[PDB]
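See below for the structure under consideration.
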Amino acid sequence: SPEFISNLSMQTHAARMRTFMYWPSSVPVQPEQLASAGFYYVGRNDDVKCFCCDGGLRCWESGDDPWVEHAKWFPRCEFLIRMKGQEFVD
Amino acid sequence: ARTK
Ligand SMILES: [Zn+2]
């Protein structure tokens with residue numbers, strides 16, 4: 001768990017997975033990929049947010065990798081760096 | 001994916 005937290009209620013993988021209960025199954029990215037990469041569903045469209053950095057992303061397409069998208073849009077996220085390392089984030 |  002990172003020092004910095006934007007949504008303490010979503011600190012656990014289990015809480016983040018729980019938000020995907022009503023995730024549209026037509027979206028081509030799996031809930032476990034998103035939750036593992038720090039993301040939870042905010043309940044509208046395919047909108048998600050990271051529990052650590054509060055970074056928000058939508059319009060998930062086939063082939064999107066949540067870790068790669070996390071590092072390109074929110075490269076200074078503390079959770080991202082603790083999980084994947086400085087070396088993974090361009 | 002894009003930012004909101
Ligand atoms: Zn983040």
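Letters A, B, ... mark the chains of the structure tokens in the order given; residue numbers begin at 1 per chain; ligand numbers begin at 1, in order shown.
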Just the residues within 8 Å of residue 40 (chain A), please, counting only C-alpha atoms, with nothing from its chain fewer than 3 positions along; format it as a list in words.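 Listing them by chain and then by number gives residues 10, 16, 17, 19, 20, 34, 35, 48, 49, 50 and 51 of chain A.
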What does the file look like for those residues with N, CA, C and O atoms, as a short mmCIF file (atom, residue, chain, number, x, y, z; two decimals), in the first residue's frame?
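And here is the file that came out, out.cif:
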data_model
loop_
_atom_site.label_atom_id
_atom_site.label_comp_id
_atom_site.auth_asym_id
_atom_site.auth_seq_id
_atom_site.Cartn_x
_atom_site.Cartn_y
_atom_site.Cartn_z
N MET A 10 -11.00 2.27 -1.42
CA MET A 10 -10.56 1.42 -2.52
C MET A 10 -9.10 0.98 -2.36
O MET A 10 -8.46 0.59 -3.34
N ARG A 16 -11.72 -2.84 -4.92
CA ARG A 16 -11.73 -2.37 -6.31
C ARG A 16 -12.47 -3.36 -7.22
O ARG A 16 -13.30 -2.95 -8.05
N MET A 17 -12.23 -4.67 -7.03
CA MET A 17 -12.96 -5.67 -7.81
C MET A 17 -14.48 -5.56 -7.58
O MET A 17 -15.28 -5.71 -8.51
N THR A 19 -16.30 -2.96 -7.21
CA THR A 19 -16.92 -1.89 -8.01
C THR A 19 -17.26 -2.33 -9.43
O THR A 19 -18.03 -1.62 -10.13
N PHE A 20 -16.68 -3.41 -9.88
CA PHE A 20 -16.87 -3.88 -11.24
C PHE A 20 -18.10 -4.75 -11.35
O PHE A 20 -18.33 -5.38 -12.40
N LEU A 34 -7.95 -4.19 -14.63
CA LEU A 34 -8.07 -2.82 -14.13
C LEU A 34 -7.77 -2.77 -12.64
O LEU A 34 -6.96 -1.94 -12.19
N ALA A 35 -8.40 -3.66 -11.86
CA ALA A 35 -8.26 -3.58 -10.40
C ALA A 35 -6.82 -3.84 -9.97
O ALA A 35 -6.30 -3.17 -9.06
N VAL A 48 -13.01 4.91 -15.04
CA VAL A 48 -12.35 4.37 -13.85
C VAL A 48 -11.43 5.44 -13.28
O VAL A 48 -11.06 6.40 -13.96
N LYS A 49 -11.02 5.21 -12.01
CA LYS A 49 -10.05 6.06 -11.34
C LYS A 49 -9.07 5.20 -10.53
O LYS A 49 -9.43 4.12 -10.05
N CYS A 50 -7.83 5.67 -10.43
CA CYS A 50 -6.83 4.99 -9.60
C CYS A 50 -7.02 5.37 -8.13
O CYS A 50 -7.19 6.56 -7.80
N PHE A 51 -7.00 4.38 -7.22
CA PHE A 51 -7.20 4.67 -5.79
C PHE A 51 -6.07 5.52 -5.19
O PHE A 51 -6.25 6.18 -4.14
#
From a DSSP pass on the backbone, collect the residues of chain A flagged as strand (DSSP E) and hand them back as a ChimeraX atom specification. /A:39-41,48-50,56-58
Export of prior selection with N, CA, C and O atoms as a CSV table (one decimal), in the first residue's frame:
chain,number,residue,atom,x,y,z
A,39,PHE,N,-7.0,0.5,-10.5
A,39,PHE,CA,-8.2,1.1,-11.0
A,39,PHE,C,-9.5,0.5,-10.4
A,39,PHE,O,-9.6,-0.7,-10.1
A,40,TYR,N,-10.5,1.4,-10.1
A,40,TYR,CA,-11.9,1.0,-9.7
A,40,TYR,C,-12.9,1.7,-10.6
A,40,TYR,O,-12.7,2.8,-11.1
A,41,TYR,N,-14.1,1.1,-10.7
A,41,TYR,CA,-15.2,1.6,-11.6
A,41,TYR,C,-15.9,2.7,-10.9
A,41,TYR,O,-16.3,2.5,-9.7
A,48,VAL,N,-13.0,4.9,-15.0
A,48,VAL,CA,-12.4,4.4,-13.8
A,48,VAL,C,-11.4,5.4,-13.3
A,48,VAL,O,-11.1,6.4,-14.0
A,49,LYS,N,-11.0,5.2,-12.0
A,49,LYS,CA,-10.0,6.1,-11.3
A,49,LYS,C,-9.1,5.2,-10.5
A,49,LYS,O,-9.4,4.1,-10.1
A,50,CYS,N,-7.8,5.7,-10.4
A,50,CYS,CA,-6.8,5.0,-9.6
A,50,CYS,C,-7.0,5.4,-8.1
A,50,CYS,O,-7.2,6.6,-7.8
A,56,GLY,N,-8.0,9.6,-13.8
A,56,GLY,CA,-9.3,9.1,-14.4
A,56,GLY,C,-9.1,8.8,-15.9
A,56,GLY,O,-8.6,9.6,-16.6
A,57,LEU,N,-9.6,7.6,-16.3
A,57,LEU,CA,-9.5,7.1,-17.7
A,57,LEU,C,-10.8,6.5,-18.1
A,57,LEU,O,-11.5,5.8,-17.3
A,58,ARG,N,-11.2,6.8,-19.4
A,58,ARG,CA,-12.3,6.1,-20.0
A,58,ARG,C,-12.0,5.7,-21.4
A,58,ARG,O,-10.9,5.8,-21.9
Within 12 Å of residue 1 (chain B), counting only C-alpha atoms, which residues qualify if same-chain residues fewer than 2 places away don't, as an NGL selection string? (:A and (27-29 or 34 or 46-49 or 55-73)) or (:B and (3-4))
Atom pair CA of residue 83 (chain A) / atom 1 (Zn, counted along the ligand's line) of ligand 1: separation (Å):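 Atom-to-atom, CA of residue 83 (chain A) to atom 1 (Zn, counted along the ligand's line) of ligand 1, that is 10.6 Å.
Considering the residues A:2, A:43, A:24, A:31 and counting only C-alpha atoms and all ligand atoms, ligand 1 has its shortest atom-to-atom contact with A:2.
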